[PDB]
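Structure record follows, encoded as structure tokens.
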Ligand code: HEM
Ligand code: HEM
Ligand SMILES: Cc1cc(N)nc(CCCCCO[C@H]2CNC[C@H]2Cc2cc(C)cc(N)n2)c1
Ligand SMILES: Cc1cc(N)nc(CCCCCO[C@H]2CNC[C@H]2Cc2cc(C)cc(N)n2)c1
Ligand SMILES: C[C@H](O)[C@H](O)[C@H]1CNc2nc(N)[nH]c(=O)c2N1
Ligand SMILES: C[C@H](O)[C@H](O)[C@H]1CNc2nc(N)[nH]c(=O)c2N1
Ligand SMILES: [Cl-]
Ligand SMILES: [Cl-]
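Chains as they are written, first to last, in UniProt numbering: chain A, 2 to 363; chain B, 2 to 363.
Laid out in structure tokens, this is it:
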């Protein structure tokens with residue numbers, strides 16, 4: 002019955018994919034080959050063109066993503082050939098280097114061998130390839146609480162963090178056959194970080210905030226035509242609010258708004274003063290400014306929404322249904338100033354797509 | 002079959018209502034009386050206690066409302082006795098006066114006779130009892146575009162607006178039996194308005210913004226135990242963002258952000274400057290400040306969310322399911338700074354409730 006589900010997802014995908022590629026004539030023959038490949042082997046192997054287009058369709062179908070206008074320029078790196086932990090480590094280091102591109106960030110995905118029988122070939126433990134550690138013990142809170150459990154798991158494996166608020170977590174992943182993952186410290190030369198300064202409030206530097214340049218999500222599953230690529234890390238550039246309104250601002254993350262309020266010189270005493278809102282705006286201006294100043298790609302939420310409107314228009318012109326999750330598409334800063342807020346979106350799940358999967362730790 | 006639906010909604014309501022009122026023993030007898038009243042007459046009449054508690058339950062069940070903590074202190078005025086247009090007009094003037102309460106606003110609802118056979122007894126045309134007119138002709142845009150169609154309908158009836166950006170619309174309503182509604186100009190003595198000034202930017206006054214004190218929604222239907230009170234205007238006090246982030250800010254409403262940006266002295270040239278966001282925060286500070294300074298009730302969105310959290314806790318403690326519409330509960334300014342943003346809500350519709358109904362104009 003496994004062959005059955007797989008075959009159905011493959012027909013649907015190849016038909017859709019080849020139609021978009023203008024290769025509609027080649028479908029019947031490609032599907033034949035697939036059909037006997039599934040029979041003989043229990044699975045099938047994507048061509049480089051299918052895998053590339055699939056990863057691109059999956060981004061286009063990600064309901065939560067405002068950045069989708071650029072789906073068709075995704076840089077797909079095919080690493081289905083890897084067999085050893087050194088190869089994975091080097092594929093992961095290369096992805097960081099090439100996606101970063103000296104600050105001019107290239108949306109990239111590196112695709113590792115897929116699941117075989119539900120059996121993972123490579124299992125990445127990181128939530129993002131570049132992320133800060135978090136520690137919580139004896140009342141003390143250091144670093145990013147979102148990382149606290151993975152940080153504790155790395156420290157079970159003989160890694161030790163310096164316990165700054167910005168320790169980079171090592172890459173950590175497990176190969177099939179191994180009972181424990183291995184970890185490798187990131188070469189600092191590969192990792193761009195941006196110190197947060199404000200364009201006109203000189204004291205803002207006193208907070209000593211920084212963030213890393215590239216969000217490289219490494220814990221989702223790419224599903225393309227029934228094939229499950231559980232290890233396929235991908236990146237874009239940040240939208241400023243992700244850093245300024247959530248990572249640095251959330252009470253359960255870095256929780257910096259009171260400190261922001263103090264350095265910009267406003268009281269943080271009365272809700273009616275809207276000091277959180279004012280602090281949020283200044284922190285978000287700082288973030289955009291700082292990335293720009295350092296020559297690292299970033300997009301503000303107004304420009305991002307204006308790009309997403311073009312994505313909507315493009316979908317319509319192409320005859321494609323648009324899907325989206327309004328609750329994640331709206332930015333957390335001035336959402337009613339974007340067109341997104343004032344319309345609704347069909348939150349249907351269309352495949353190919355990226356999916357959440359269970360963490361091997363916790 | 003009409004008796005059938007009505008009877009079912011009545012059983013459900015009386016049982017629930019009397020249980021909450023600790024009058025559970027009186028249900029069987031009250032339901033008997035109702036049953037024969039529906040038989041004889043085709044309907045039934047609520048007791049003053051049922052009608053009051055029903056209006057209060059309806060507020061408690063309004064999924065879109067963040068202000069619900071205070072549901073049980075709603076002031077219910079029973080005006081089911083009205084039969085003439087002078088009586089309706091005076092009930093409506095009284096509601097404005099008593100709800101305003103010299104600025105210390107009292108959440109109030111005035112309940113008019115309900116629909117009889119689907120036939121309305123009184124049909125209110127206003128969306129709110131106090132609202133500004135809107136005009137759009139020959140490229141010119143004056144006043145509130147949200148009012149443009151009702152404004153045009155009033156002007157068909159011999160009313161003429163002065164064409165300021167803040168003309169008060171007359172009360173306009175139709176009595177059953179009349180083919181046309183009547184209109185009555187609001188006595189300005191009854192209507193509190195608040196000029197918008199900023200606590201520390203003196204030039205803000207140059208915009209000459211103002212807004213009215215009390216939002217009195219007059220176009221929804223109150224449904225209680227199968228009875229349809231299509232005319233039952235109700236009010237609370239504003240949450241500042243309704244005025245500052247939407248009525249004064251939306252491009253399709255007063256559209257004031259560019260003007261705000263100019264008077265607070267920031268450029269409105271680059272999305273990455275976050276000038277809309279900064280303008281929004283300053284406009285919203287001004288609004289809160291101005292209401293407070295004038296002694297008119299208002300609540301900021303942080304305090305409102307903190308009150309709503311208590312409503313959630315109270316619902317849990319009482320064993321009541323909570324319902325809510327996340328998409329309307331989040332404020333349009335810094336939504337991620339409220340707890341509302343970080344949880345989900347069941348958007349089920351529970352009765353008694355307030356419902357949208359079709360406008361008689363347009
Ligand atoms: C090019 C710049 C990009 C920007 C500015 C962008 C922006 C965003 C934002 C703001 C979110 C919401 C995240 C949150 O609030 O937690 C998001 C979610 C997402 N984006 Fe994009 N994105 C970009 C590129 C990409 C790429 C290249 C892919 C995949 C190939 C992708 C797939 C997704 C997915 C799957 C989610 C949902 C993640 C989850 O469920 O946790 N995005 N994006
Ligand atoms: C006491 C102060 C109150 C505050 C601060 C408050 C706040 C709000 C807010 C902010 C909204 C969203 C409006 C929008 O974005 O369009 C809303 C919706 C609503 N409120 Fe309240 N509210 C209050 C009192 C009341 C009262 C007294 C009732 C009824 C008895 C009520 C019933 C509703 C209803 C029915 C809606 C949805 C209206 C619609 O569907 O268009 N509220 N409230
Ligand atoms: C590629 C990319 C570019 C860009 N600018 N931004 C992103 C953001 C992806 C989200 C990253 C953080 O997501 C974490 C924190 N919020 C949700 C959590 C991920 C998650 C968790 C769970 C339980 C489910 C789910 N679908 N996704 C991705
Ligand atoms: C009582 C009260 C207090 C307070 N602070 N705020 C309110 C706000 C009620 C909403 C007033 C404005 O609503 C208008 C503009 N947005 C939605 C529209 C009303 C509406 C329209 C439609 C088509 C459906 C619907 N359910 N409601 C009500
Ligand atoms: C965290 C919680 O699930 C909440 O409902 C959602 C909704 N809105 C969001 N929107 C974005 N872009 N990112 C998020 O993490 C969340 N959180
Ligand atoms: C206007 C459009 O329907 C949009 O989806 C909604 C969602 N969020 C909202 N939230 C509130 N409080 N008020 C509104 O008018 C809207 N608009
Ligand atoms: Cl992030
Ligand atoms: Cl309003």
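C-beta atoms are modelled at their ideal positions from N, C-alpha and C, and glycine is treated no differently.
C-beta contact flag for residue i and residue j at 8 Å
i: residue 7(B); j: residue 296(B); result: no
i: residue 62(A); j: residue 352(A); result: yes
i: residue 229(A); j: residue 124(A); result: no
i: residue 75(A); j: residue 49(A); result: no
i: residue 301(B); j: residue 165(A); result: no
i: residue 324(B); j: residue 307(B); result: no
i: residue 237(B); j: residue 216(B); result: yes
i: residue 326(A); j: residue 69(A); result: no
i: residue 246(A); j: residue 337(B); result: yes
i: residue 79(A); j: residue 131(A); result: no
i: residue 253(A); j: residue 146(A); result: yes
i: residue 35(B); j: residue 59(B); result: no
i: residue 155(B); j: residue 173(B); result: yes
i: residue 220(B); j: residue 354(B); result: no
i: residue 210(B); j: residue 258(B); result: no
i: residue 193(A); j: residue 104(A); result: yes
i: residue 225(B); j: residue 41(B); result: no
i: residue 106(B); j: residue 298(B); result: yes
Burial state of residue i (16 or more Cβ within 10 Å)
i: residue 357(A); result: exposed
i: residue 73(A); result: exposed
i: residue 157(B); result: exposed
i: residue 264(B); result: buried
i: residue 303(B); result: buried
i: residue 275(A); result: buried
i: residue 278(B); result: buried
i: residue 182(A); result: buried
i: residue 262(A); result: buried
i: residue 234(A); result: buried
i: residue 319(B); result: exposed
i: residue 333(A); result: buried
i: residue 177(B); result: exposed
Reduced DSSP secondary structure (H/G/I, E/B, other) of residue i
i: residue 29(B); result: helix
i: residue 175(B); result: strand
i: residue 225(B); result: strand
i: residue 60(B); result: helix
i: residue 238(B); result: coil
i: residue 194(B); result: strand
i: residue 357(A); result: strand
i: residue 36(B); result: helix
i: residue 185(A); result: strand
i: residue 42(A); result: helix
i: residue 169(B); result: strand
i: residue 362(A); result: coil
i: residue 99(B); result: helix
i: residue 24(B); result: coil
i: residue 211(A); result: strand
i: residue 218(B); result: strand
i: residue 244(A); result: helix
i: residue 202(B); result: coil
i: residue 67(B); result: coil
i: residue 6(A); result: helix
i: residue 15(B); result: helix
ask   = Counting by C-beta, which residues lie closer than 6 Å to a heavy atom of ligand 8, in chain order?
value = 216(B), 243(B), 248(B)
key: Unbroken stretches of the beta strand (DSSP E), 3 residues or longer, contained in the stretch 71-96 of chain B   = You should have 76-79.
ask   = Taking only runs of the beta strand (DSSP E) that begin and end inside the stretch 115-159 of chain B, which ones reach a length of at least 3 residues, in chain order?
value = 123-125, 135-138, 141-144
key: Sequence ranges, alpha helix (DSSP H) only - wholly within the stretch 256-303 of chain B, length at least 4   = Runs found: 258-264, 276-294.
request  = For the stretch 309-357 of chain B, list the beta strand (DSSP E) runs that are entirely contained and at least 3 residues long, ordered along the chain.
outcome  = 354-357
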